[PDB]
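Q: Starting off with a structure, shown below.
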Amino acid sequence: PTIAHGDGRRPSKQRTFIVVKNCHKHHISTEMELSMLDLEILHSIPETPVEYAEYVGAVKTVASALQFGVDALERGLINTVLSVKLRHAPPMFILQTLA
Amino acid sequence: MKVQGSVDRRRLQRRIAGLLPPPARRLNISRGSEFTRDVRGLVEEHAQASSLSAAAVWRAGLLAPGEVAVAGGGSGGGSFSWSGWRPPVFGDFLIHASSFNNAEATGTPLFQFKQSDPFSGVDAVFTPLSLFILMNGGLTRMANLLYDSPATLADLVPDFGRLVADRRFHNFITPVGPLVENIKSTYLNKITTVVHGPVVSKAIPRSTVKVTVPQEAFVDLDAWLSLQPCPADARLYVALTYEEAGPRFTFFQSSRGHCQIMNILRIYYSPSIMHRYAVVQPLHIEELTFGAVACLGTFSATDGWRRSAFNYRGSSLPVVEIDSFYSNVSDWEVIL
Amino acid sequence: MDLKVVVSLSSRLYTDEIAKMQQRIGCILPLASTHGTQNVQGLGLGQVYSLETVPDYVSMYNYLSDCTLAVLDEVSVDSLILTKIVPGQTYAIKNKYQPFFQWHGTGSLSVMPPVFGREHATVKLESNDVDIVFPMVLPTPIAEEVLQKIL
Amino acid sequence: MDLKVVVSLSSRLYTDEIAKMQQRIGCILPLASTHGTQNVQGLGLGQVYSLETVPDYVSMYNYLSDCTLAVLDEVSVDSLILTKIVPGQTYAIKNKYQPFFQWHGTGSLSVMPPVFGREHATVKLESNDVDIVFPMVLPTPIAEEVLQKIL
């Protein structure tokens with residue numbers, strides 16, 4: 001809106017602004033390595049208890065090697081969001097006299 | 001009108017249900033579940049090993065229609081590939097016990113040399129240190145500790161003094177690969193090696209198998225030369241070099257590619273080419289040939305070279321170790 | 001097994017050049033590193049081939065063998081989706097290249113730097129100020145002949 | 001995967017022809033087409049090598065370099081059962097060839113175009129007015145030696 005004035009100045013019309021904004025994409029990738037022997041003997045059943053101890057060690061290994069990837073993905077989330085905040089952050093001395 | 005000469009309708013559903021499913025990929029993970037049997041479908045590498053009992057073999061799936069063992073009976077066999085997995089081809093050799101030193105690092109590459117006699121039943125093979133003794137760090141000392149009486153090697157090659165002159169010693173040797181199993185007998189040792197595929201232990205207590213090279217023979221081609229590309233596979237090469245001291249045997253690793261590798265071979269051996277070509281030896285028609293190159297196979301790039309000590313009879317030698325090697329022998333190419 | 005390549009653009013590409021990159025759909029290009037995520041600078045044959053520099057085709061033809069090869073699948077303003085070539089996998093490929101030499105089973109396909117022209121094989125990206133040099137692929141005897149002509 | 005090649009014929013084979021191919025039950029043939037059903041005119045070297053034609057070496061070598069190989073499994077009345085050659089697959093080969101050569105473990109088998117006699121190479125099928133011509137298979141050192149010596 002505008003405010004009328006008694007002066008001879010010509011009137012500014014009704015003013016309309018249209019602003020367009022779009023998404024920005026982010027891709028996040030982790031790599032994990034799994035040994036042959038663990039993934040093989042996971043399918044193998046325990047015949048004797050020392051093979052059962054190797055089995056439980058195997059499933060502990062693969063469980064930790066999966067938690068590593070998922071936790072690193074959460075760190076990817078927080079790293080990308082903090083980077084997006086820092087990409088649109090002008091410094092103080094520029095912004096203060098613009099305020 | 002319902003003649004139905006084709007047997008397709010209501011039968012072929014049952015066959016397409018078996019012949020259809022692809023091996024799984026791109027399965028999604030939810031943090032709430034975080035660990036399910038559906039994950040374990042992809043996690044399992046689905047091994048091939050024996051419990052020596054009939055029902056357990058039916059369970060494990062060694063009695064598979066394909067090359068690679070598939071458990072599941074009729075429910076098994078739908079894998080339709082395993083990223084192009086290949087079973088390893090095994091080579092069976094029968095050697096005199098004097099040519100082959102009984103203590104061995106289980107991963108050293110072997111080389112077969114042919115013998116002249118017709119309709120034989122036995123053949124020779126070699127290790128690189130046997131080759132160094134026959135050609136004539138602490139490499140020589142370690143070789144002298146591993147081997148005594150070179151005469152027992154010298155009878156196996158009755159042409160060596162002539163072969164090093166007629167420059168034909170390289171093409172008789174065909175590279176084979178690392179060991180898998182050794183069986184000790186006093187008269188005749190039983191040796192089993194691996195060719196063309198994964199280097200895999202057949203020993204039922206499972207172990208990770210690595211090819212080992214003596215560090216004096218090996219020179220890293222990538223090291224002394226110079227966002228470059230890195231392809232996932234580098235290759236290993238043998239080079240057998242005719243020098244005035246004698247024939248010499250070396251190993252090279254690079255990921256560069258063949259026409260590059262020939263140039264880096266040439267600028268590597270340029271001082272030796274200068275010396276051997278020098279004045280000691282003028283010329284003769286057979287003498288022109290100088291070196292031979294063969295590829296031993298692809299190795300995982302960025303893994304690198306694992307340096308370890310080799311201890312025998314109270315002596316140590318520095319040895320490089322190579323993980324996850326893939327075997328693929330090529331022919332011999334002449335370099336000069 | 002699941003060869004998957006997605007390459008992220010830092011800024012959205014212009015409304016003109018998205019159409020040109022859609023015209024380049026279904027084409028082999030070599031990439032730098034064998035990873036699911038790649039920056040656009042590693043992608044394509046752009047960085048070694050400069051307009052300012054005198055072209056060394058032997059340097060290019062060395063560089064391309066060092067790279068692993070790939071095929072473009074999906075063009076968007078945000079990212080480029082490409083599948084990759086493993087040595088032991090069989091792929092469907094479509095000949096969309098502008099010179100159009102007829103292909104037969106008689107020759108193995110060989111991949112060369114764009115010996116013919118400079119500008120038409122390449123697409124500039126002023127949104128992310130980098131250039132994509134697509135390689136030119138040709139059958140075997142034409143490739144042998146052109147290498148002979150150059151030397 | 002599953003490989004199958006079955007060649008049917010136009011006319012039934014004579015009894016004499018049956019034992020002729022029974023002598024050659026396990027051996028190698030180049031196969032022109034790749035489908036499971038295929039006629040006799042694509043399974044030999046009769047298309048490239050013919051009695052009326054003046055035979056050539058280099059066109060034959062180009063054809064053997066560009067073709068698909070297969071190994072016979074079973075010969076019956078009118079049905080030929082071949083199994084395809086695929087890269088990265090184990091096979092078993094019996095050594096039935098008229099010029100005789102000793103084979104050894106850990107050697108290199110090379111297929112060369114058969115240079116020796118017609119009676120050394122082919123089996124005539126008078127039932128269907130055709131011939132089958134077999135690529136001479138030789139170890140690679142002797143494959144160099146014979147070639148350079150007759151040259």
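Quick note on naming: the chains in the structure tokens go A, B, ... in the order shown, residues restart at 1 in each chain, and ligands are numbered from 1 in order of appearance.
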Which RMSD value, in Å, follows from superposing chain C onto chain D on all C-alpha atoms in order by least squares?
A: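 Answer to one decimal place: 1.5 Å.
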Q: Could you write out as a short mmCIF file (atom, residue, chain, number, x, y, z; two decimals) with N, CA and C atoms, in the first residue's frame the residues of chain C within 10 Å of chain A, counting only C-alpha atoms?
A:
```cif
data_model
loop_
_atom_site.label_atom_id
_atom_site.label_comp_id
_atom_site.auth_asym_id
_atom_site.auth_seq_id
_atom_site.Cartn_x
_atom_site.Cartn_y
_atom_site.Cartn_z
N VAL C 6 25.40 -40.85 -9.67
CA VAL C 6 24.66 -39.60 -9.66
C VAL C 6 25.64 -38.47 -9.38
N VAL C 7 25.60 -37.43 -10.21
CA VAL C 7 26.57 -36.35 -10.18
C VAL C 7 25.81 -35.06 -9.89
N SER C 8 26.19 -34.38 -8.81
CA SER C 8 25.44 -33.24 -8.30
C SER C 8 25.97 -31.92 -8.85
N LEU C 9 25.07 -31.10 -9.38
CA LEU C 9 25.40 -29.75 -9.81
C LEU C 9 25.28 -28.82 -8.61
N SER C 10 26.22 -27.88 -8.50
CA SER C 10 26.18 -26.94 -7.38
C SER C 10 25.07 -25.91 -7.56
N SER C 11 24.82 -25.50 -8.80
CA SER C 11 23.78 -24.54 -9.12
C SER C 11 22.95 -25.08 -10.27
N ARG C 12 21.69 -24.64 -10.34
CA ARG C 12 20.79 -25.12 -11.38
C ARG C 12 21.23 -24.62 -12.75
N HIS C 35 32.66 -43.92 -8.06
CA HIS C 35 31.85 -43.66 -6.88
C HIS C 35 30.44 -43.30 -7.28
N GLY C 36 29.50 -43.53 -6.36
CA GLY C 36 28.12 -43.17 -6.60
C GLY C 36 27.88 -41.68 -6.62
N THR C 37 28.70 -40.92 -5.89
CA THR C 37 28.63 -39.47 -5.89
C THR C 37 29.90 -38.90 -6.49
N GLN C 38 29.74 -38.01 -7.46
CA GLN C 38 30.85 -37.34 -8.12
C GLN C 38 30.55 -35.87 -8.26
N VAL C 77 17.87 -30.65 -14.00
CA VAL C 77 18.55 -29.40 -13.70
C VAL C 77 19.45 -29.54 -12.48
N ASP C 78 19.16 -30.49 -11.60
CA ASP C 78 19.89 -30.59 -10.35
C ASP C 78 21.04 -31.58 -10.43
N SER C 79 20.84 -32.72 -11.07
CA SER C 79 21.85 -33.76 -11.07
C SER C 79 21.75 -34.60 -12.33
#
```
Q: Taking only C-alpha atoms into account and nothing else, which residues of chain B lie no more than 7 Å away from chain A? Please answer as a PyMOL selection string.
A: chain B and resi 43-47
Q: Those selected residues, please, written with C-alpha atoms and delivered as a PDB file, in the first residue's frame.
A:
```
ATOM      1  CA  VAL B  43      24.064 -59.796   3.617  1.00  0.00           C
ATOM      2  CA  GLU B  44      24.717 -63.543   3.273  1.00  0.00           C
ATOM      3  CA  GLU B  45      27.421 -64.538   0.798  1.00  0.00           C
ATOM      4  CA  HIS B  46      25.913 -68.032   0.835  1.00  0.00           C
ATOM      5  CA  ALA B  47      28.921 -70.315   1.134  1.00  0.00           C
TER       6      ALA B  47
END
```
Q: To test your reading of the structure, identify every residue in range 154-272 of chain B that backbone DSSP assigns to helix (DSSP H, G or I), and report it as an NGL selection string.
A: :B and (154 or 160-166 or 169-172 or 221-224 or 258-272)
Q: So that I have them on file, write out the residues from the current selection with N, CA, C and O atoms, as a compact mmCIF listing (two decimals), in the first residue's frame.
A:
```
# COMPACT_ATOMS: atom_id res chain seq x y z
N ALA B 154 69.76 -78.00 -12.11
CA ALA B 154 70.39 -77.78 -13.42
C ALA B 154 70.10 -78.91 -14.40
O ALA B 154 70.14 -78.69 -15.61
N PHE B 160 69.96 -74.38 -20.68
CA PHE B 160 69.91 -73.03 -20.12
C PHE B 160 71.02 -72.14 -20.65
O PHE B 160 70.77 -70.98 -21.01
N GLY B 161 72.25 -72.66 -20.71
CA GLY B 161 73.34 -71.92 -21.32
C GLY B 161 73.10 -71.61 -22.78
O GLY B 161 73.55 -70.59 -23.30
N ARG B 162 72.38 -72.50 -23.47
CA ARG B 162 72.02 -72.23 -24.86
C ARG B 162 70.78 -71.34 -24.95
O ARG B 162 70.68 -70.52 -25.86
N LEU B 163 69.84 -71.48 -24.01
CA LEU B 163 68.62 -70.68 -24.05
C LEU B 163 68.90 -69.21 -23.78
O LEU B 163 68.30 -68.33 -24.42
N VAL B 164 69.83 -68.90 -22.87
CA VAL B 164 70.15 -67.50 -22.58
C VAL B 164 70.89 -66.84 -23.74
O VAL B 164 71.02 -65.62 -23.78
N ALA B 165 71.36 -67.64 -24.69
CA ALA B 165 71.99 -67.11 -25.89
C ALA B 165 71.03 -67.03 -27.06
O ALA B 165 71.04 -66.05 -27.80
N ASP B 166 70.18 -68.04 -27.23
CA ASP B 166 69.19 -68.02 -28.30
C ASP B 166 67.92 -67.28 -27.91
O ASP B 166 66.96 -67.30 -28.70
N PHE B 169 64.33 -68.48 -23.82
CA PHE B 169 64.02 -69.04 -22.51
C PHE B 169 62.67 -68.57 -21.99
O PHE B 169 62.04 -69.25 -21.17
N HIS B 170 62.20 -67.42 -22.46
CA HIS B 170 61.00 -66.84 -21.89
C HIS B 170 59.74 -67.56 -22.35
O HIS B 170 58.80 -67.74 -21.55
N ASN B 171 59.67 -68.00 -23.61
CA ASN B 171 58.38 -68.42 -24.15
C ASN B 171 58.00 -69.83 -23.71
O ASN B 171 56.83 -70.21 -23.80
N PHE B 172 58.97 -70.62 -23.25
CA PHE B 172 58.65 -71.94 -22.72
C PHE B 172 57.95 -71.83 -21.37
O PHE B 172 57.05 -72.62 -21.06
N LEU B 221 56.04 -49.69 -10.20
CA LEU B 221 56.12 -48.89 -11.42
C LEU B 221 55.49 -47.52 -11.23
O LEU B 221 55.93 -46.54 -11.84
N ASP B 222 54.47 -47.44 -10.38
CA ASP B 222 53.79 -46.18 -10.13
C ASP B 222 54.63 -45.25 -9.26
O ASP B 222 54.49 -44.02 -9.32
N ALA B 223 55.50 -45.82 -8.42
CA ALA B 223 56.21 -45.03 -7.42
C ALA B 223 57.23 -44.10 -8.05
O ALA B 223 57.17 -42.87 -7.88
N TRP B 224 58.17 -44.65 -8.82
CA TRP B 224 59.29 -43.86 -9.33
C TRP B 224 58.92 -43.04 -10.55
O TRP B 224 59.73 -42.22 -10.99
N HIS B 258 48.30 -50.56 -21.10
CA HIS B 258 49.34 -51.37 -21.73
C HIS B 258 50.36 -50.53 -22.49
O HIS B 258 51.58 -50.71 -22.31
N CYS B 259 49.90 -49.64 -23.37
CA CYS B 259 50.82 -48.86 -24.19
C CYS B 259 51.63 -47.88 -23.34
O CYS B 259 52.77 -47.57 -23.67
N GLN B 260 51.04 -47.40 -22.24
CA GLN B 260 51.82 -46.66 -21.25
C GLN B 260 52.85 -47.56 -20.58
O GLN B 260 54.01 -47.16 -20.40
N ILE B 261 52.44 -48.77 -20.21
CA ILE B 261 53.30 -49.70 -19.48
C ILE B 261 54.52 -50.08 -20.31
O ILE B 261 55.62 -50.18 -19.77
N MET B 262 54.37 -50.18 -21.63
CA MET B 262 55.51 -50.49 -22.49
C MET B 262 56.54 -49.36 -22.49
O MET B 262 57.75 -49.60 -22.41
N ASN B 263 56.07 -48.11 -22.53
CA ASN B 263 56.96 -46.95 -22.43
C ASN B 263 57.65 -46.87 -21.09
O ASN B 263 58.84 -46.52 -21.01
N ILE B 264 56.93 -47.13 -20.01
CA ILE B 264 57.54 -47.01 -18.69
C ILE B 264 58.51 -48.17 -18.47
O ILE B 264 59.55 -48.00 -17.82
N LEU B 265 58.23 -49.34 -19.06
CA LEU B 265 59.21 -50.42 -19.12
C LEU B 265 60.48 -50.01 -19.86
O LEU B 265 61.59 -50.31 -19.40
N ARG B 266 60.32 -49.32 -20.98
CA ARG B 266 61.49 -48.93 -21.77
C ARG B 266 62.33 -47.88 -21.05
O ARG B 266 63.55 -48.01 -20.97
N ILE B 267 61.69 -46.84 -20.50
CA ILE B 267 62.45 -45.84 -19.77
C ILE B 267 62.92 -46.36 -18.42
O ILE B 267 63.81 -45.76 -17.81
N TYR B 268 62.34 -47.46 -17.92
CA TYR B 268 62.92 -48.12 -16.77
C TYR B 268 64.21 -48.82 -17.13
O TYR B 268 65.24 -48.62 -16.47
N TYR B 269 64.18 -49.66 -18.16
CA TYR B 269 65.34 -50.49 -18.46
C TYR B 269 66.35 -49.79 -19.35
O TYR B 269 67.33 -50.44 -19.74
N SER B 270 66.13 -48.52 -19.68
CA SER B 270 67.10 -47.74 -20.46
C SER B 270 68.55 -47.76 -19.97
O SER B 270 69.43 -47.94 -20.83
N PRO B 271 68.89 -47.63 -18.67
CA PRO B 271 70.31 -47.79 -18.31
C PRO B 271 70.85 -49.20 -18.52
O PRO B 271 72.00 -49.37 -18.96
N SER B 272 70.05 -50.22 -18.21
CA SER B 272 70.48 -51.60 -18.44
C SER B 272 70.60 -51.90 -19.93
O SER B 272 71.49 -52.64 -20.35
```
Q: As a ChimeraX atom specification, could you give me every residue of chain B near chain D (at most 10 Å apart, counting only C-alpha atoms)?
A: /B:66-67,78-81,84-87,89,91-93,112,114,118-119,171-172,174-176,195-197,331
Q: Excluding residue 72 in chain C and residues on its chain fewer than 4 positions from it, collect all residues at most 12 Å away from it, counting only C-alpha atoms, and give them as a VMD selection string.
A: chain C and resid 4 to 7 21 to 31 43 to 44 76 79 to 85 93 to 94 134
Q: Using only C-alpha atoms, which residues of chain D come within 10 Å of chain C, and what is the closest atom pair for each, with the distance in Å to one decimal? Give it as JSON lines, sorted by chain and residue number.
A:
```
{"residue": "D:62", "atom": "CA", "partner": "C:106", "partner_atom": "CA", "distance": 8.0}
{"residue": "D:63", "atom": "CA", "partner": "C:106", "partner_atom": "CA", "distance": 8.3}
{"residue": "D:65", "atom": "CA", "partner": "C:106", "partner_atom": "CA", "distance": 8.5}
{"residue": "D:66", "atom": "CA", "partner": "C:106", "partner_atom": "CA", "distance": 5.8}
{"residue": "D:67", "atom": "CA", "partner": "C:106", "partner_atom": "CA", "distance": 8.9}
{"residue": "D:87", "atom": "CA", "partner": "C:88", "partner_atom": "CA", "distance": 8.9}
{"residue": "D:88", "atom": "CA", "partner": "C:88", "partner_atom": "CA", "distance": 9.0}
```
Q: At what distance in Å, to one decimal, does CA of residue 139 in chain D lie from CA of residue 123 in chain B?
A: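 Separation of CA of residue 123 in chain B and CA of residue 139 in chain D: 18.1 Å.
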Q: Would you mind reading off the distance between CA of residue 168 in chain B and CA of residue 329 in chain B, one decimal, in Å?
A: 19.1 Å
Q: Can you measure CA of residue 193 in chain B to CA of residue 181 in chain B for me? One decimal in Å is fine.
A: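 About the pair CA of residue 193 in chain B and CA of residue 181 in chain B: they are 6.9 Å apart.
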